Amino acid sequence: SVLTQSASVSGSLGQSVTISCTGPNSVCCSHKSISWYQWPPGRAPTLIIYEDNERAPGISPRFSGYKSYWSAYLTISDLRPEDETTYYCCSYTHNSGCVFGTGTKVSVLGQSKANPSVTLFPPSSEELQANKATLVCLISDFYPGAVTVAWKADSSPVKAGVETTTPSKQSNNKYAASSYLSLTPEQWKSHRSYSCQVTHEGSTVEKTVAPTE
Amino acid sequence: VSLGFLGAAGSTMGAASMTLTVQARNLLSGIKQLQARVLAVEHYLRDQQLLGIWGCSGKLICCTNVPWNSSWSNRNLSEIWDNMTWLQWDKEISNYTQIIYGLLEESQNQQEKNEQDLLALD
Amino acid sequence: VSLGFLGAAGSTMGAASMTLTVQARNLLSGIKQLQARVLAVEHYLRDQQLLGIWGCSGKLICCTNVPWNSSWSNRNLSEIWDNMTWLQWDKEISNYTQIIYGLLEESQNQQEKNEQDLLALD
Amino acid sequence: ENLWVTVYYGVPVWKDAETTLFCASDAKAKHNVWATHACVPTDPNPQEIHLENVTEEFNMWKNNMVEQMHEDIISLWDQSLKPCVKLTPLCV
Amino acid sequence: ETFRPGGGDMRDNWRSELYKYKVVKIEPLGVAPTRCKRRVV
Amino acid sequence: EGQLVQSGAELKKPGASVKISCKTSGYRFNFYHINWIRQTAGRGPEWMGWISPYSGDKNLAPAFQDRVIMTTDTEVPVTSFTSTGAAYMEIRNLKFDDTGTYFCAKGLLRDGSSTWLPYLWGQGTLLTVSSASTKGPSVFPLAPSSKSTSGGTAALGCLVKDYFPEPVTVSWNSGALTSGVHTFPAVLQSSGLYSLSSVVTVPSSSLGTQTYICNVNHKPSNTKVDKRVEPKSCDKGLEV
Amino acid sequence: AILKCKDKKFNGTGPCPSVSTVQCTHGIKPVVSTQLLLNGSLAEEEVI
Ligand SMILES: *[C@@H]1O[C@H](CO)[C@@H](O[C@@H]2O[C@H](CO)[C@@H](O[C@@H]3O[C@H](CO[C@H]4O[C@H](CO[C@H]5O[C@H](CO)[C@@H](O)[C@H](O)[C@@H]5O)[C@@H](O)[C@H](O[C@H]5O[C@H](CO)[C@@H](O)[C@H](O)[C@@H]5O)[C@@H]4O)[C@@H](O)[C@H](O[C@H]4O[C@H](CO)[C@@H](O)[C@H](O)[C@@H]4O)[C@@H]3O)[C@H](O)[C@H]2NC(C)=O)[C@H](O)[C@H]1NC(C)=O
Ligand SMILES: *[C@@H]1O[C@H](CO)[C@@H](O[C@@H]2O[C@H](CO)[C@@H](O)[C@H](O)[C@H]2NC(C)=O)[C@H](O)[C@H]1NC(C)=O
Ligand SMILES: *[C@@H]1O[C@H](CO)[C@@H](O)[C@H](O)[C@H]1NC(C)=O
Ligand SMILES: *[C@@H]1O[C@H](CO)[C@@H](O)[C@H](O)[C@H]1NC(C)=O
Ligand SMILES: *[C@@H]1O[C@H](CO)[C@@H](O)[C@H](O)[C@H]1NC(C)=O
Ligand SMILES: *[C@@H]1O[C@H](CO)[C@@H](O)[C@H](O)[C@H]1NC(C)=O
Ligand SMILES: *[C@@H]1O[C@H](CO)[C@@H](O)[C@H](O)[C@H]1NC(C)=O
């Protein structure tokens, strides 16, 4: 897209943060109104700002807009956990539709740490009949939203059949993710135990299952 | 454009506010007829009476000193004047019209004239 | 304090003059009824007619160019406004109201408009 | 950001109301009960004004124009009977 | 579903032609907020 | 203060056509433009066009001017100030990069300098463009596992493995159980099939008075699965 | 004022989308009748 936003910006808790929105004169500011949207992934967006300064109904006064001749800006004051998400600007006139920007992901620093919740499930007996074997390692309520997952077969790494999802934001403003390990029934039965290790820069957690029990 | 009497009843309040003379013209112009004609001039003189006590007799629009209490409506300028019709507006402000009219005669005109006497007293 | 319609009929003229809107509201709002309603709007329009020819249509109080001839009453500001009621005042000025009304339309409004034409003539 | 109330006179606003209507018909050349001696002549042209975007609820069954017309026809019938010959002696 | 014609009441005849019309009273007084103030005393 | 409800997700083969609907309520449908916006992984969010239910004037972005047809029905009145309506978008010559999420959105103001500006958005419609066929999921129980031994809490769920395409909806006790539900996003296997998991946290003491049933709906394949989660755990910490 | 519903398929009460206003109705003939209605106005499109 020819309408560029700051790819990332960061602000501290209780502080303010500013997102930029600029591009060529063919799309930018003097003769074009600018609007701002909050757009969480996987959900419907919310209009916060339209016509430059003027904020949408019900929007808190924490949000403010400003447009210069060369670029436009959006300021979010008194940052909250829910403000940590993706934001888009649009350039438009009355008769001409939206041109969406490249997008900006906002990170809120100074937030409290959340301990990870790890749960590991073995393959079902109905699944062992099929005959396949999939271990499921579910992770929730961790912050910041970044994980690294490692699997082990009899205390030794595994590399075939590992699939891990990206981290996803929970309704409670914590994060979640999951990982799946596909195995053949012989590898499952031929080992003493399997393990799912979730590593975070602050703490590494290990959950272990065994085919014996 | 002139759309006629009540032509902008279904337009936005801002668009309708431009053609107040249109509604104003036809607003004034045996026993059944006579009783009806009396009722008509009676209602017209009632509204002109209210414009009188609000100091706005000769004008269609006048500004006031009463501030807009946000409890009445939480909308803004753009949302009121470019998204709503006078009809649905009058329905939303149907709990305050009596209240607002009372504040309208008292807050300003009942104090505009007292201050006028104390000011022109020299 | 708001004492109601005619609440300050028995107060001093100065105190009563503050609540003219109170008397003004209720001043406008089968055969017997209909004839009564016509009589009401007829009297109201008569007073509004007199305010018209005195150039005071939209106001409750207006000042004039007619000087106070001392033959009318020999009282002063303090004696009139802080010692008398509008009732006993109207009784004292019951020989001049016709006369004062005639001077009121002629002395000022019948010459305010002529001078207005000769002034706005350029 | 400081808002003050403003008066508008002549706004397109109406409310449901019941009032006394009256008759109207073009003048013709006699003496039919409904027209009576006099009913106000119609305007040469009525102005039917379309109201774009306007949606109003109608109720033909709770309508008062019906009850008014009903009593009008009845009363007109009696007004036309008074001056004519009453056949009280015809009960022989 | 059996149908019989009736004429119980004479108003129904007026309803047949007055179904389309409705009476309303004009309330020409509207108050709305703007960023305007009257000239200060 | 109205709701926009869009049609369900669809899987279509590339080169085919699909018609998405957008039913409205809670406002005068005639008074606001209906915009259509999509979001794909390759191009991000992209505005497609809008149409006026009152006049029928439409404005399509040049990238979709030759492949999108927008139409509207006439509003069905409910009260004097509200009504119900429906708008449609028919998109043809589908390609793989057209896979994504599509939204309809109600305009901002009846008049002004941004009348059409999308303000009220629908829940979205998931469109998958692929040569691959629809595939139903296989549902397996997730035996209860201990969450807090001292607190007496546990977690149990259902595993939805190998389905295609997105999405799958999961409820508990026919929607009676909504508290403590945590449904996880799907994984994208190398085979091209999706798989996800759902877990609910409940007190460990609740075993003799409450039934836990996970209801899986995969509407693209028209399959419903009601699986009873076995409450007997194998976790020692929960066994205590 | 009088509001006139011009909705053809108007089923006897309800919201009328197309409405026009008049000070006086059209010429209504006071036909005294029973059962069948005589010399009246005809509904357009479908019978109502
Ligand atoms: C009854 O209710 C309805 C709905 O509530 C209401 O209709 C809305 O009315 C409002 C205001 O009256 C309109 O809001 C304005 O719209 C102006 C016109 O829009 C222009 O742009 C349209 C898109 O143009 C693109 O697409 C076309 C192809 O379609 C292409 O050729 C163009 O180049 C461009 O790419 C266009 O379709 C539209 O054309 C229609 O209207 C014109 C008359 O304007 C007519 O000639 C056409 O035949 C056609 O019907 C038109 O060109 C818009 O310009 C305007 O913005 C200006 O004014 C504001 C101030 O109001 C300024 O701030 C701003 O800077 C601009 O100068 C404003 O946005 C709205 O569009 C209507 N439709 C809706 C909401 O769907 C009725 O008015 C109501 N009627 C009554 C009697 O109450
Ligand atoms: C009875 O119905 C006939 C039609 O069957 C009516 O005749 C038409 O009257 C209209 C005026 O309303 C004319 O425009 C048509 O040209 C007439 N039709 C024909 C075929 O000439 C007649 O008016 C009705 N009588 C009434 C209502 O008393
Ligand atoms: C719009 O309304 C909200 C709600 O009261 C208000 O807080 C806000 O300041 C208003 N915004 C504008 C741009 O006028
Ligand atoms: C505004 O409305 C509130 C109702 O909660 C009332 O208490 C208050 O006195 C009002 N304010 C003014 C200035 O009239
Ligand atoms: C008017 O008052 C009644 C009862 O006090 C309430 O039900 C109604 O919602 C009020 N109107 C508005 C517009 O708030
Ligand atoms: C005042 O009244 C007296 C009565 O004695 C009269 O002669 C005189 O003309 C009046 N003066 C004015 C200025 O009207
Ligand atoms: C009014 O005039 C009569 C006779 O001219 C006189 O008796 C009376 O006292 C006058 N009124 C006043 C207040 O002087």
# chains A, B, ... in the order shown; residues from 1 in each chain; ligands from 1
>>> interface_residues(of="chain D", to="chain G", cutoff="8 Å", atoms="only C-alpha atoms", output="PyMOL selection string")
chain D and resi 25+46-61
>>> residues_near_ligand(ligand="ligand 6", cutoff="12 Å", atoms="only C-alpha atoms and all ligand atoms", output="PyMOL selection string")
chain C and resi 65-74+96+99-100+102-104+107
>>> write_last_selection(atoms="C-alpha atoms", output="JSON list (two decimals), in the first residue's frame")
[["chain", "number", "residue", "atom", "x", "y", "z"],
["C", 65, "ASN", "CA", -39.11, 59.44, 25.06],
["C", 66, "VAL", "CA", -42.19, 60.90, 26.80],
["C", 67, "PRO", "CA", -41.18, 62.94, 29.87],
["C", 68, "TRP", "CA", -43.09, 62.54, 33.12],
["C", 69, "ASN", "CA", -45.43, 65.52, 33.52],
["C", 70, "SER", "CA", -45.52, 66.24, 37.25],
["C", 71, "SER", "CA", -49.26, 66.96, 37.15],
["C", 72, "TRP", "CA", -49.75, 63.20, 36.70],
["C", 73, "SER", "CA", -48.15, 62.23, 40.02],
["C", 74, "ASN", "CA", -45.87, 64.21, 42.31],
["C", 96, "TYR", "CA", -53.95, 59.83, 32.42],
["C", 99, "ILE", "CA", -53.76, 60.59, 27.72],
["C", 100, "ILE", "CA", -50.37, 58.96, 28.32],
["C", 102, "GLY", "CA", -51.98, 58.90, 23.17],
["C", 103, "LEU", "CA", -48.73, 60.74, 23.85],
["C", 104, "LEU", "CA", -47.01, 57.35, 23.84],
["C", 107, "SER", "CA", -44.77, 61.80, 20.74]]
>>> interface_residues(of="chain A", to="chain B", cutoff="12 Å", atoms="only C-alpha atoms", output="PyMOL selection string")
chain A and resi 50-51+54-59
>>> residues_near_ligand(ligand="ligand 2", cutoff="10 Å", atoms="only C-alpha atoms and all ligand atoms", output="PyMOL selection string")
chain G and resi 29+38-42
>>> residues_around(residues="residue 9 (chain C)", least_positions_apart="5", cutoff="12 Å", atoms="only C-alpha atoms", output="compact mmCIF listing (two decimals) with C-alpha atoms, in the first residue's frame")
# COMPACT_ATOMS: atom_id res chain seq x y z
CA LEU C 3 -44.92 32.97 44.28
CA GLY C 4 -47.06 32.25 41.25
CA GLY C 14 -40.39 47.24 42.18
CA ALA C 15 -40.65 43.73 43.60
CA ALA C 16 -43.59 42.83 41.37
CA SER C 17 -41.80 44.11 38.25
CA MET C 18 -39.29 41.26 38.56
CA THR C 19 -41.88 38.54 37.85
CA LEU C 20 -43.63 39.83 34.74
CA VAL C 22 -45.28 34.89 35.66
CA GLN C 23 -48.31 37.01 34.78
CA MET C 84 -46.82 51.47 46.45
CA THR C 85 -48.46 48.52 44.70
CA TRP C 86 -49.26 48.40 41.00
CA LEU C 87 -52.96 48.31 41.91
CA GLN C 88 -53.10 51.57 43.87
CA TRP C 89 -50.69 53.02 41.31
CA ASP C 90 -53.02 52.18 38.42
>>> select_by_dssp(residues="chain A", states="strand (DSSP E)", output="JSON, numbers by chain")
{"A": [4, 5, 8, 9, 10, 11, 12, 17, 18, 19, 20, 21, 22, 33, 34, 35, 36, 37, 38, 46, 47, 48, 49, 63, 64, 65, 66, 67, 71, 72, 73, 74, 75, 76, 86, 87, 88, 89, 90, 91, 92, 99, 100, 104, 105, 106, 107, 108, 109, 117, 118, 119, 120, 121, 133, 134, 135, 136, 137, 138, 139, 140, 141, 142, 148, 149, 150, 151, 152, 153, 156, 157, 162, 163, 164, 168, 169, 175, 176, 177, 178, 179, 180, 181, 182, 183, 194, 195, 196, 197, 198, 199, 204, 205, 206, 207, 208, 209]}
>>> write_last_selection(atoms="C-alpha atoms", output="CSV table (one decimal), in the first residue's frame")
chain,number,residue,atom,x,y,z
A,4,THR,CA,2.4,4.1,5.1
A,5,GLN,CA,2.0,3.9,8.9
A,8,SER,CA,5.5,-0.6,15.3
A,9,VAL,CA,5.4,2.0,18.2
A,10,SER,CA,5.5,1.5,21.9
A,11,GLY,CA,4.3,3.4,25.0
A,12,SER,CA,4.3,2.8,28.7
A,17,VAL,CA,1.7,7.1,22.3
A,18,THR,CA,1.5,8.5,18.8
A,19,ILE,CA,0.9,6.7,15.5
A,20,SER,CA,1.9,8.3,12.2
A,21,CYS,CA,0.2,8.1,8.8
A,22,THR,CA,1.9,9.5,5.7
A,33,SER,CA,-9.7,13.9,5.6
A,34,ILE,CA,-8.1,11.2,7.8
A,35,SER,CA,-9.9,8.7,10.0
A,36,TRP,CA,-8.5,6.1,12.5
A,37,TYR,CA,-9.7,2.6,13.3
A,38,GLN,CA,-8.9,0.1,16.0
A,46,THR,CA,-14.1,0.1,15.8
A,47,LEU,CA,-14.1,3.7,14.5
A,48,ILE,CA,-12.3,6.0,17.0
A,49,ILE,CA,-11.6,9.1,14.9
A,63,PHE,CA,-8.0,9.6,21.9
A,64,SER,CA,-7.0,12.7,19.8
A,65,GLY,CA,-6.3,13.2,16.1
A,66,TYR,CA,-4.1,15.8,14.3
A,67,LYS,CA,-3.2,16.2,10.7
A,71,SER,CA,1.3,13.6,7.6
A,72,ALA,CA,-1.4,12.7,10.1
A,73,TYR,CA,-1.1,11.5,13.7
A,74,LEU,CA,-3.2,9.6,16.3
A,75,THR,CA,-2.5,10.0,20.0
A,76,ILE,CA,-3.7,7.5,22.6
A,86,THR,CA,-3.4,-3.0,15.7
A,87,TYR,CA,-4.5,0.4,14.4
A,88,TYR,CA,-5.2,1.6,10.8
A,89,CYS,CA,-5.6,5.1,9.3
A,90,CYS,CA,-7.7,5.9,6.2
A,91,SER,CA,-7.5,8.8,3.7
A,92,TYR,CA,-10.7,9.8,2.1
A,99,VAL,CA,-7.6,3.9,1.3
A,100,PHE,CA,-6.4,1.8,4.2
A,104,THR,CA,0.5,-0.3,13.1
A,105,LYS,CA,0.9,-2.7,16.0
A,106,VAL,CA,1.0,-1.0,19.4
A,107,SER,CA,2.9,-2.5,22.4
A,108,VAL,CA,2.2,-1.3,25.9
A,109,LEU,CA,5.3,-1.4,28.1
A,117,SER,CA,-0.7,-21.9,32.1
A,118,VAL,CA,0.3,-25.2,30.4
A,119,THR,CA,-1.9,-28.2,29.9
A,120,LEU,CA,-0.8,-31.3,27.9
A,121,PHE,CA,-3.3,-33.9,26.6
A,133,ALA,CA,-1.4,-40.3,17.8
A,134,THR,CA,-1.5,-36.6,18.5
A,135,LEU,CA,-0.3,-34.8,21.6
A,136,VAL,CA,-2.0,-31.5,22.3
A,137,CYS,CA,-0.2,-28.8,24.4
A,138,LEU,CA,-2.4,-25.8,25.3
A,139,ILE,CA,-1.0,-22.6,26.6
A,140,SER,CA,-2.9,-19.6,28.0
A,141,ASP,CA,-2.8,-16.5,30.2
A,142,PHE,CA,0.8,-15.5,29.4
A,148,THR,CA,8.9,-20.9,22.0
A,149,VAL,CA,7.8,-24.5,22.2
A,150,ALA,CA,9.9,-27.7,22.2
A,151,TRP,CA,8.9,-31.4,22.2
A,152,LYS,CA,10.9,-34.3,23.5
A,153,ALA,CA,10.6,-38.1,22.9
A,156,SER,CA,15.3,-36.4,23.5
A,157,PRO,CA,14.2,-33.7,20.9
A,162,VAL,CA,5.6,-30.7,15.1
A,163,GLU,CA,3.1,-27.9,14.4
A,164,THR,CA,2.8,-24.8,16.6
A,168,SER,CA,-3.3,-15.2,20.1
A,169,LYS,CA,-4.8,-12.6,22.4
A,175,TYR,CA,-2.3,-14.2,25.4
A,176,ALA,CA,-2.8,-17.8,24.3
A,177,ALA,CA,-1.2,-20.4,22.0
A,178,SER,CA,-1.2,-24.1,21.2
A,179,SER,CA,1.0,-26.8,19.8
A,180,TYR,CA,0.4,-30.2,18.3
A,181,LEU,CA,2.7,-33.2,17.9
A,182,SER,CA,1.7,-35.9,15.4
A,183,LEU,CA,3.1,-39.4,15.9
A,194,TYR,CA,6.9,-37.5,25.9
A,195,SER,CA,7.3,-33.9,27.0
A,196,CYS,CA,6.1,-30.4,26.0
A,197,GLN,CA,8.5,-27.6,27.0
A,198,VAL,CA,7.2,-24.0,26.8
A,199,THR,CA,10.1,-21.4,27.1
A,204,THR,CA,10.5,-22.1,31.3
A,205,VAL,CA,7.7,-24.5,32.1
A,206,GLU,CA,7.7,-28.3,31.3
A,207,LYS,CA,4.7,-30.6,31.1
A,208,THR,CA,5.3,-34.3,30.6
A,209,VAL,CA,3.0,-37.2,29.7
>>> interface_residues(of="chain D", to="chain B", cutoff="12 Å", atoms="only C-alpha atoms", output="VMD selection string")
chain D and resid 1 to 15 18 to 24 36 to 40 47 to 56 68 72
>>> write_last_selection(atoms="N, CA, C and O atoms", output="compact mmCIF listing (two decimals), in the first residue's frame")
# COMPACT_ATOMS: atom_id res chain seq x y z
N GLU D 1 -17.48 23.69 22.13
CA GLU D 1 -17.67 22.73 23.25
C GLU D 1 -18.56 23.29 24.33
O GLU D 1 -19.00 22.56 25.21
N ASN D 2 -18.90 24.58 24.23
CA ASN D 2 -19.97 25.19 25.03
C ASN D 2 -21.25 25.25 24.21
O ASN D 2 -21.28 25.98 23.22
N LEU D 3 -22.28 24.50 24.61
CA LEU D 3 -23.49 24.38 23.83
C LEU D 3 -24.63 25.13 24.50
O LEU D 3 -24.79 25.05 25.72
N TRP D 4 -25.41 25.84 23.69
CA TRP D 4 -26.52 26.65 24.18
C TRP D 4 -27.76 26.35 23.34
O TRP D 4 -27.66 26.10 22.13
N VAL D 5 -28.91 26.33 24.00
CA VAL D 5 -30.13 25.95 23.32
C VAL D 5 -30.55 27.11 22.40
O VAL D 5 -30.30 28.31 22.68
N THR D 6 -31.17 26.73 21.28
CA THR D 6 -31.62 27.69 20.29
C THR D 6 -33.05 27.33 19.87
O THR D 6 -33.38 26.17 19.66
N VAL D 7 -33.87 28.36 19.74
CA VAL D 7 -35.28 28.19 19.38
C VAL D 7 -35.40 28.16 17.86
O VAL D 7 -34.80 28.94 17.15
N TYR D 8 -36.20 27.21 17.38
CA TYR D 8 -36.57 27.11 15.97
C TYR D 8 -38.08 27.11 15.88
O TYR D 8 -38.75 26.26 16.47
N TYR D 9 -38.63 28.08 15.12
CA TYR D 9 -40.07 28.19 14.91
C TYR D 9 -40.39 27.73 13.49
O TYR D 9 -39.82 28.24 12.52
N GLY D 10 -41.29 26.77 13.37
CA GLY D 10 -41.70 26.24 12.09
C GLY D 10 -40.96 24.97 11.69
O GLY D 10 -40.68 24.75 10.52
N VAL D 11 -40.67 24.12 12.67
CA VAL D 11 -39.97 22.87 12.45
C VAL D 11 -40.98 21.81 11.98
O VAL D 11 -42.11 21.77 12.47
N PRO D 12 -40.59 20.94 11.04
CA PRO D 12 -41.45 19.83 10.66
C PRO D 12 -41.66 18.80 11.77
O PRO D 12 -41.02 17.74 11.76
N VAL D 13 -42.54 19.12 12.71
CA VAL D 13 -42.85 18.23 13.82
C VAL D 13 -44.37 18.16 13.96
O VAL D 13 -45.05 19.19 13.92
N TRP D 14 -44.90 16.95 14.13
CA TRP D 14 -46.32 16.76 14.37
C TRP D 14 -46.55 15.68 15.41
O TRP D 14 -45.68 14.85 15.69
N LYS D 15 -47.75 15.69 15.98
CA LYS D 15 -48.20 14.68 16.93
C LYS D 15 -49.61 14.25 16.55
O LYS D 15 -50.38 15.01 15.95
N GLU D 18 -56.70 14.81 17.58
CA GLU D 18 -58.08 14.74 17.12
C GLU D 18 -58.66 16.15 17.21
O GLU D 18 -58.66 16.77 18.29
N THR D 19 -59.10 16.68 16.07
CA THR D 19 -59.65 18.03 16.00
C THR D 19 -60.94 18.00 15.18
O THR D 19 -61.24 17.02 14.51
N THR D 20 -61.67 19.10 15.23
CA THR D 20 -62.93 19.22 14.51
C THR D 20 -62.65 19.64 13.06
O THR D 20 -62.19 20.76 12.81
N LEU D 21 -62.92 18.72 12.13
CA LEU D 21 -62.80 19.00 10.70
C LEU D 21 -64.06 19.71 10.17
O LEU D 21 -64.98 20.01 10.93
N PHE D 22 -64.02 20.07 8.93
CA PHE D 22 -65.17 20.69 8.28
C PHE D 22 -65.22 20.24 6.82
O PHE D 22 -64.26 19.67 6.27
N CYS D 23 -66.36 20.54 6.21
CA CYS D 23 -66.74 20.11 4.88
C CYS D 23 -66.15 21.00 3.81
O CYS D 23 -65.82 22.18 4.09
N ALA D 24 -66.06 20.48 2.59
CA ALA D 24 -65.67 21.32 1.45
C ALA D 24 -66.09 20.66 0.17
O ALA D 24 -65.79 19.50 -0.03
N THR D 36 -76.13 20.99 1.80
CA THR D 36 -76.94 22.00 2.53
C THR D 36 -77.01 23.34 1.81
O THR D 36 -76.77 23.38 0.63
N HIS D 37 -77.39 24.39 2.52
CA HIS D 37 -77.41 25.72 1.91
C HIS D 37 -76.01 26.14 1.51
O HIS D 37 -75.84 26.82 0.49
N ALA D 38 -75.01 25.72 2.29
CA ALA D 38 -73.64 26.17 2.07
C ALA D 38 -72.64 25.22 2.65
O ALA D 38 -72.81 24.84 3.80
N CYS D 39 -71.65 24.83 1.84
CA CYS D 39 -70.44 24.16 2.31
C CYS D 39 -69.27 24.77 1.52
O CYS D 39 -69.35 24.93 0.29
N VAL D 40 -68.19 25.06 2.24
CA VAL D 40 -67.12 25.92 1.72
C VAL D 40 -66.65 25.36 0.37
O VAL D 40 -66.41 24.18 0.25
N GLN D 47 -52.95 21.14 -3.21
CA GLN D 47 -51.51 20.92 -3.29
C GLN D 47 -51.19 19.69 -2.45
O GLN D 47 -51.23 19.77 -1.24
N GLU D 48 -51.06 18.54 -3.11
CA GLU D 48 -50.67 17.30 -2.46
C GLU D 48 -49.15 17.25 -2.48
O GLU D 48 -48.53 17.15 -3.57
N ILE D 49 -48.55 17.31 -1.30
CA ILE D 49 -47.10 17.44 -1.17
C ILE D 49 -46.52 16.14 -0.68
O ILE D 49 -46.80 15.69 0.43
N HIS D 50 -45.72 15.49 -1.54
CA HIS D 50 -45.05 14.25 -1.16
C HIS D 50 -43.99 14.52 -0.11
O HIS D 50 -43.29 15.53 -0.17
N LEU D 51 -43.89 13.61 0.87
CA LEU D 51 -42.94 13.75 1.97
C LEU D 51 -41.93 12.62 1.88
O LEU D 51 -42.18 11.52 2.38
N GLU D 52 -40.77 12.90 1.27
CA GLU D 52 -39.77 11.87 1.08
C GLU D 52 -39.27 11.41 2.44
O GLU D 52 -39.12 12.18 3.37
N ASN D 53 -39.04 10.11 2.54
CA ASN D 53 -38.28 9.51 3.62
C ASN D 53 -39.12 9.40 4.86
O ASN D 53 -38.63 8.96 5.90
N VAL D 54 -40.36 9.79 4.77
CA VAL D 54 -41.16 9.95 5.96
C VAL D 54 -41.98 8.70 6.11
O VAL D 54 -42.66 8.33 5.18
N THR D 55 -41.91 8.07 7.28
CA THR D 55 -42.63 6.86 7.54
C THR D 55 -43.51 7.09 8.79
O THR D 55 -42.99 7.40 9.87
N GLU D 56 -44.82 6.98 8.61
CA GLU D 56 -45.75 7.21 9.70
C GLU D 56 -46.68 6.04 9.87
O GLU D 56 -47.09 5.41 8.89
N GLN D 68 -66.27 11.06 13.39
CA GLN D 68 -66.76 12.39 13.02
C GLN D 68 -67.72 12.31 11.84
O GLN D 68 -68.82 12.84 11.89
N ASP D 72 -71.71 13.11 11.59
CA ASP D 72 -72.07 14.16 10.65
C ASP D 72 -73.20 13.73 9.73
O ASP D 72 -74.13 14.49 9.48
>>> closest_atom_pairs(of="chain F", to="chain D", cutoff="8 Å", atoms="only C-alpha atoms", output="Markdown table")
| residue | atom | partner | partner_atom | distance |
| --- | --- | --- | --- | --- |
| F:79 | CA | D:57 | CA | 7.2 |
| F:80 | CA | D:55 | CA | 5.0 |
| F:81 | CA | D:55 | CA | 7.1 |
>>> residues_near_ligand(ligand="ligand 7", cutoff="6 Å", atoms="only C-alpha atoms and all ligand atoms", output="JSON, numbers by chain")
{"C": [92, 93, 95]}
>>> closest_atom_pairs(of="chain A", to="chain F", cutoff="6 Å", atoms="only C-alpha atoms", output="Markdown table")
| residue | atom | partner | partner_atom | distance |
| --- | --- | --- | --- | --- |
| A:94 | CA | F:113 | CA | 5.0 |
| A:98 | CA | F:47 | CA | 5.9 |
| A:165 | CA | F:187 | CA | 5.6 |
>>> write_last_selection(atoms="N, CA and C atoms", output="PDB file, in the first residue's frame")
ATOM      1  N   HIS A  94     -15.317  13.041   0.472  1.00  0.00           N
ATOM      2  CA  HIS A  94     -16.740  12.758   0.575  1.00  0.00           C
ATOM      3  C   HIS A  94     -17.222  11.748  -0.472  1.00  0.00           C
ATOM      4  N   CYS A  98     -12.479   4.587   1.011  1.00  0.00           N
ATOM      5  CA  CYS A  98     -11.337   4.515   1.909  1.00  0.00           C
ATOM      6  C   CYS A  98     -10.096   3.987   1.186  1.00  0.00           C
ATOM      7  N   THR A 165       1.048 -23.117  16.677  1.00  0.00           N
ATOM      8  CA  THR A 165       0.307 -21.940  16.247  1.00  0.00           C
ATOM      9  C   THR A 165       1.020 -20.663  16.681  1.00  0.00           C
TER      10      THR A 165
END
>>> residues_around(residues="residue 210 (chain A)", least_positions_apart="3", cutoff="8 Å", atoms="only C-alpha atoms", output="list in words")
residues 192, 193, 194 and 213 of chain A
>>> write_last_selection(atoms="N, CA and C atoms", output="PDB file, in the first residue's frame")
ATOM      1  N   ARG A 192       9.291 -44.197  26.806  1.00  0.00           N
ATOM      2  CA  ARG A 192       8.845 -44.146  28.191  1.00  0.00           C
ATOM      3  C   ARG A 192       7.948 -42.934  28.464  1.00  0.00           C
ATOM      4  N   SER A 193       8.170 -41.836  27.755  1.00  0.00           N
ATOM      5  CA  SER A 193       7.453 -40.590  28.045  1.00  0.00           C
ATOM      6  C   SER A 193       7.703 -39.589  26.924  1.00  0.00           C
ATOM      7  N   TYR A 194       6.786 -38.636  26.813  1.00  0.00           N
ATOM      8  CA  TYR A 194       6.904 -37.494  25.917  1.00  0.00           C
ATOM      9  C   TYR A 194       6.730 -36.223  26.737  1.00  0.00           C
ATOM     10  N   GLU A 213       0.799 -44.514  31.676  1.00  0.00           N
ATOM     11  CA  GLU A 213      -0.411 -44.200  32.429  1.00  0.00           C
ATOM     12  C   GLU A 213      -1.389 -43.364  31.601  1.00  0.00           C
TER      13      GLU A 213
END
>>> select_by_dssp(residues="chain E", states="alpha helix (DSSP H)", output="PyMOL selection string")
chain E and resi 11-18
